[PDB]
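# Structural characterization, general
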Amino acid sequence: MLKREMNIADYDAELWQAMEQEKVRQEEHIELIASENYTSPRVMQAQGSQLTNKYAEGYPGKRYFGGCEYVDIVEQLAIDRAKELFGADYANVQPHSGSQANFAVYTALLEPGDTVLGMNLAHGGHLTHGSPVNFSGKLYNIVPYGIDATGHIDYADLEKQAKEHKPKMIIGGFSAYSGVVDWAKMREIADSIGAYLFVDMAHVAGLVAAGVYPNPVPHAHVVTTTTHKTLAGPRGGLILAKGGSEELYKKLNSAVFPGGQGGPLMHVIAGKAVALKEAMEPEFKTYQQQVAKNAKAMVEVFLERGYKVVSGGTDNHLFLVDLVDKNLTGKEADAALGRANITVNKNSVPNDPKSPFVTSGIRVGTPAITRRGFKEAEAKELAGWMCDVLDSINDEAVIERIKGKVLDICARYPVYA
Amino acid sequence: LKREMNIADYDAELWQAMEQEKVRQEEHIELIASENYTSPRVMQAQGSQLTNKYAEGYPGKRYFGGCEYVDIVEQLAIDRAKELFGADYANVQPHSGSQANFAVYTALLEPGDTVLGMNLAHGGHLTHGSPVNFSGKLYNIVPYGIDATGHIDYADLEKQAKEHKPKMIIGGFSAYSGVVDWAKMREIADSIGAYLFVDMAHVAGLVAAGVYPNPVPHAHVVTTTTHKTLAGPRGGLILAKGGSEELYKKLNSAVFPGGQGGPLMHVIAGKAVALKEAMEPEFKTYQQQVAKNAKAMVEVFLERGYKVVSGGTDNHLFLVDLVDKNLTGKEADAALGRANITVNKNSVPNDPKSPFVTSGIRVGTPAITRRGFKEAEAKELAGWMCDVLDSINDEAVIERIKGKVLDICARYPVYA
Ligand SMILES: Nc1nc2c(c(=O)[nH]1)N(C=O)[C@@H](CNc1ccc(C(=O)N[C@@H](CCC(=O)O)C(=O)O)cc1)CN2
Ligand SMILES: Nc1nc2c(c(=O)[nH]1)N(C=O)[C@@H](CNc1ccc(C(=O)N[C@@H](CCC(=O)O)C(=O)O)cc1)CN2
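What follows deals with the overall build of chain A. Scanning chain A for helices and strands turns up 15 helices and 15 strands. Here the C-alpha atoms of chain A give a radius of gyration of 22 Å, agreeing with the 22 Å that 2.2 N^0.38 yields for 417 residues. Projecting the C-alpha coordinates of chain A onto the three principal axes gives extents of approximately 65 × 65 × 40 Å. Within chain A, counting contacts between residues at least 6 apart in sequence, those at least 24 apart form 73% of the total.

Encoded structure:
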């Protein structure tokens, strides 16, 4: 008879202290990591439910364990909302993460060794888009594609590569690209060589949901996304599709299970279901608008201050700052901004002379501060403080000054009130 | 963003289903070997704000900033994991058992390498070479099962190993009730220079209490989930002892960036607190009751004329072969379910039916034991089960048994 009153605080102080500190860090820090956000207490409530106890392999109605009557309802809710929010006729809510959702798509449509056309990591592509240190690069033959000297994808060259290499699948998506991708144009290219157009919209799923970024669902054979980025939900993966055949969806369901996973996390899926409902609110649509809007405001300031912004601008929630001409490593910038309570993340840039762990740039995202209340005014001011730090990266007095400024604004905009 | 936000007043549908599951867990006798009831402390962790942090990499070498406290959290889980099992290496980031196993494969083998693993119908897990799983699709699998006696024949295993010269031998199971000789498997591996990979997901809890042979000191690499007999959150875990810096390097890379992205820091916090609870003395006597209860149910089943694979049990579970009773696991499962007794259809050795239908059921005592049941209650439960199986079409029999379960269930509430 476990007691509902059994808590962590009085049982494990070590773990407890660390947790509480993270709770405060999230309040005293300006999070500018593009892939992060602040999920609602409703999503956390779900994740902390008793649904963590149930084993439910299979799908609603076709499980491999008994007693799945209510978890079946839960999973169905997540599936239906997912389809309605994105306009798909197929959705799989069991992938444990973005990597897992992507892994499923690979194993369901390709054979080890097949050729895949994906966006290079330094140019903005994700690890699972063909990186040699990831399963994508080890199990398949990858042909990369990057961006112009203008900072955008050259669909003319992409087409050439496609025609010359005849890839079995073309991957559209990114982790660090600030432009707008022409989904329809990539589908055209895929169709000309009979390839699959697989789009990973993890980073822009939220913006797409609000209608602030082109929806790829109606142009790709298969789409994947995480639920924890701009979508602002729990950490998890999701597979979506529209206009596919019974077979394709059967393959996709098999790829997830028993293909690459065991039992799903019913408590996390409950959270996905509630987050997908929150993404349906009108306030959610104006929220994404502020996100893109704030992103543009920070870019202006960075350019006015003499900083190189890859692609010259932004059409989404993020942007890259190339620090090569400033003789700074992303690792240095990241660490300096951190001491001022401004959290970003070192990021490789196109033609980066440094390795992924060091990099010559930093990636910035507005989803967190926007969800926190910030607007153009606050964002322009924050961008400014950032450049102040970068400008005098060795001046502890400058960093000190800024630190107090952020602690001050962080207090007026509590994350969880 | 207001802390007062909750599901009840915002999403009545989701809330209603959740609440029902909450009651189902109280009104049902869960006998699914892979399930349990995690403490409210583990749930508390999983519902924390740690779900907001992205922390790729390992403590000290992350790819994002602001990982000072999540680094402390992950270290706690790693240290406790090592101390509880006696390993000098532990990886707490795998999202699940499948993911932990996938890492071990990709870190030690090349697509197409030969692997010796236990056949699924004979008790092996999907990730141990099933053709419908990545293990069976990416590697060359040679299976091995059990005797006519119900146990592994280490003599035949050795023969298979010498003849096929596999690059890795897998020890572990999802539905075997015996004791595996880890040292003996390591002997066999060594003779052909193969890797001995042991997946102890099902018996991690028993091992922790010292109730089942610990494989850590005999295998090159060990994996386990944290949500079965260990009674923690749903997740994976990699353990190793006596390996080299190279091997651990590979293992860390296999998990990330090899097969995963960011870990679930909130789940890892839960792993950390569950591994501390597994250190309690009450936890050791708990596993003892589990194994003990398992034996008590087996006796009754045999006395009632039911075929129990392997003739008995040396752990938390056992299989009931229903072929001679002309019943499918799917039928038994459904019948027992209407009596509020939840089990799961399970393939048995030489099963004439497919995995979705099966000719048997698997039974586990971890849940009811953690719930308070002891030999007396377990013998009585096993009895009711046989009553249902005996008269599987008698709705009057099933109803009477449902009244009995609801009753004993009210006397042993799960969460209070
Ligand atoms: N373009 C881009 N930016 C991104 C991501 C991405 O996938 N693509 N990430 C998405 O999450 C994060 C960065 N994650 C990375 C993780 C590992 C390696 C990597 O290549 N590691 C190699 C070599 C490292 C070294 O320099 O020593 C390795 O570990 O072997 C790179 C990026 C954030 N920024
Ligand atoms: N021995 C054993 N028992 C176990 C498991 C296991 O891995 N091994 N499981 C561990 O979690 C659960 C069963 N999970 C399974 C999931 C899928 C298939 C399977 O082979 N499905 C095929 C064919 C199904 C059919 O009969 O139609 C498929 O989907 O293609 C089998 C078992 C519980 N019992």
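Here the focus is the UniProt feature "binding site: (6S)-5,6,7,8-tetrahydrofolate" in chain B. Residue and element names in this part refer to chain B. As recorded in UniProt, the sites labelled "binding site: (6S)-5,6,7,8-tetrahydrofolate" are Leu 120, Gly 124, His 125, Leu 126, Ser 354, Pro 355 and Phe 356. Mapped onto the fold, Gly 124 is located in the loop between β5 (114–118) and α5 (134–138). Once residues within four sequence positions are removed from consideration, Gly 124 is found in contact with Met 118, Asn 119, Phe 173 and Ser 174. Within the secondary structure, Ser 354 sits in the loop between β14 (344–345) and β15 (360–364).

Turning to the interface of chain A and chain B, a few remarks are in order. A common way to state how big an interface is: give the accessible area lost once the parts meet. Across the boundary between the two partners, chain A contributes 96 residues, which contact 97 residues of chain B. Residue contributions to the side of chain A that touches chain B peak at 10 residues, all from helix α1 (residues 13–28) of chain A. Looking at the side of chain A that touches chain B, its residues break down into 42 nonpolar, 30 polar and 24 charged.

All right, on to the site of ligand 1 then. For ligand 1, the set of nearby residues contains 16 residues, the closest of which are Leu121(A), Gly125(A), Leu127(A), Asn347(A) and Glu56(B). The environment of ligand 1 is shared, with nearby residues belonging to chains A and B. Taking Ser355(A), its side chain carries an N or O atom lying 3.0 Å from an oxygen atom of ligand 1. Within the contact set of ligand 1, an oxygen atom lies 3.5 Å away from a backbone nitrogen or oxygen of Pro356(A). Residue classes in the shell around ligand 1 are distributed as 8 nonpolar, 6 polar and 2 charged.

Turning next to the pattern of salt bridges. Under the defined criterion, the tally for this structure stands at 38 salt bridges over all chains. Here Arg305(A) makes a salt bridge to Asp391(A), at a shortest N to O gap of 2.8 Å. Of this pair, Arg305(A) sits in the loop between α11 (282–304) and β11 (308–309) while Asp391(A) sits in helix α14 (residues 376–391), and the two are 86 residues apart along the sequence. Overall, the relative accessible area of 45% leaves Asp391(A) in the partly exposed class. When the shortest N-O distance is used, the salt bridge between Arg62(B) and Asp71(B) registers 2.6 Å. Judged on exposure class, the residue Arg62(B) and its partner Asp71(B) are both buried.

Next up on the list: the sheet that holds β5(B). Residues and elements named next belong to chain B. Judged by pairing direction, the sheet is mixed, and its 7 strands sit side by side in the order β4-β10-β9-β8-β7-β5-β6 without closing on themselves. A single partner strand is all that each edge strand has here, and the edge strands are β4 (89–91) and β6 (140–144). Taking each pair of neighbouring strands and ignoring which way they run, the sheet shows an average axis angle of 20°. The pairing of strand β7 (residues 168–172) with strand β8 (residues 195–199) spans 5 bridges and is classified as parallel. When the bridges of β8 are listed, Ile 169 appears paired with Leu 196. Contacts from helix α6 (residues 154–164) reach β5, β6 and β7, with the element oriented near 160° to β6. Most of the contacts of helix α7 (residues 182–191) go to β7, to which it runs at about 170°, and overall it touches β6, β7 and β8.

Attention now moves to the domain arrangement of chain B. Residue and element names in this part refer to chain B. Partitioning chain B into domains gives domain 1 (39–279) and domain 2 (280–416). The straight-line distance from the C-alpha centre of domain 1 to that of domain 2 is 28 Å. Each side of the interface is counted separately: domain 1 has 32 residues, and domain 2 has 26 residues. At the boundary of domain 1 with domain 2, the tally comes to 0 salt bridges. Summed over the shared surface of domain 1 and domain 2, the number is 7 residue pairs in polar contact. Counting only elements with at least two residues in the side of domain 1 that touches domain 2, the list comes to α2 (40–46), α8 (204–209) and α10 (265–277). Counting residues per element, the side of domain 1 that touches domain 2 draws most heavily on α8, which supplies 4 residues.

The next subject is the pairing of strand β12 (residues 318–322) of chain A. Residues and elements named next belong to chain A. When you tally the buried positions in β12, you get 5 out of 5 residues, the bulk of the element. Here β12 shows a buried face lined by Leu 318, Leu 320 and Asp 322 and a second buried face lined by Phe 319 and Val 321. Sheet analysis places β11 next to β12, joined by 2 bridges and oriented antiparallel. Within β12, the position partnered with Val 309 by the bridge is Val 321. Taken together, the 5 bridges between β12 and strand β15 (residues 361–365) define a ladder with antiparallel strand orientation. The residue bridging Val 321 from the neighbouring strand is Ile 362, located in β15.

This part takes up the side chain of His267(A). Within the element layout of this structure, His267(A) appears in helix α10 (residues 266–278). Setting aside residues up to four positions removed in sequence, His267(A) forms contacts with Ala46(A), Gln47(A), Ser49(A), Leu51(A), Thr52(A), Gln46(B) and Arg234(B).

This part is about unusual backbone geometry. Residue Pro258(A) is bonded to the preceding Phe257(A) through a cis peptide linkage, with omega at 0°. Among the secondary structure elements, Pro258(A) is positioned in helix α9 (residues 246–260). Of note, the bond from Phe256(B) into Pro257(B) is cis; its omega dihedral lies within 30 degrees of zero at 0°. Inspection of the secondary structure assignment puts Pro257(B) in helix α9 (residues 245–259). The backbone of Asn340(B) sits at a positive phi, close to 65°, despite the residue not being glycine. On the secondary structure map, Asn340(B) appears in the loop between α12 (329–338) and β13 (341–342).

All right, on to the packing of aromatic side chains then. Residue and element names in this part refer to chain B. One pass over the structure, following the stated rule, counts 32 aromatic pairs over all chains. Measuring from ring centre to ring centre gives 5.2 Å for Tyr 105 and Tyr 139, while their planes differ by 15°; the resulting arrangement is stacked. Remark: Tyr 139 occurs in the loop between α5 and β6 and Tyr 105 occurs in helix α4 (residues 97–108); sequence separation between them is 34 residues. Each member of the pair, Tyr 105 as well as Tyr 139, carries the same accessibility label: buried. Ring geometry for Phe 373 and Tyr 412: centres 5.2 Å apart, planes at 70°, overall edge-to-face.

Reading the values: the criteria
- Residues numbered from 1 in each chain as written, not as in the entry; some residues may be left out.
- Chains lettered and ligands numbered in written order.
- Heavy atoms only, no water.
- Residues with missing side-chain atoms left out of burial classes, pairs and counts.
- Helix = DSSP H or I, 4+ residues; strand = E, 2+ residues; numbered from the N terminus.
- Rg over C-alpha atoms; globule rule 2.2 N^0.38 Å.
- Contact = heavy atoms within 4.5 Å.
- UniProt positions renumbered as here; feature names shortened; annotations may be inferred.
- Nonpolar A, V, L, I, M, F, W, Y, C, P; charged D, E, K, R; others polar.
- Near = heavy atom within 4 Å.
- Polar contact = N/O pair within 3.5 Å; in protein donor to acceptor, adjacent residues only side chain to side chain.
- Salt bridge = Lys/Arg side-chain N within 4 Å of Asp/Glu carboxyl O.
- Buried < 20%, exposed > 50% of the residue type's maximum accessible area, 1.4 Å probe, protein only.
- Pairing = 2+ DSSP bridges.
- Axes fitted to C-alpha atoms, helices over the stretch in contact; angles between N-to-C directions.
- Domains from an automatic or database assignment.
- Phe/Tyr/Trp six-rings, centres within 6.5 Å; stacked < 30°, edge-to-face > 60°.

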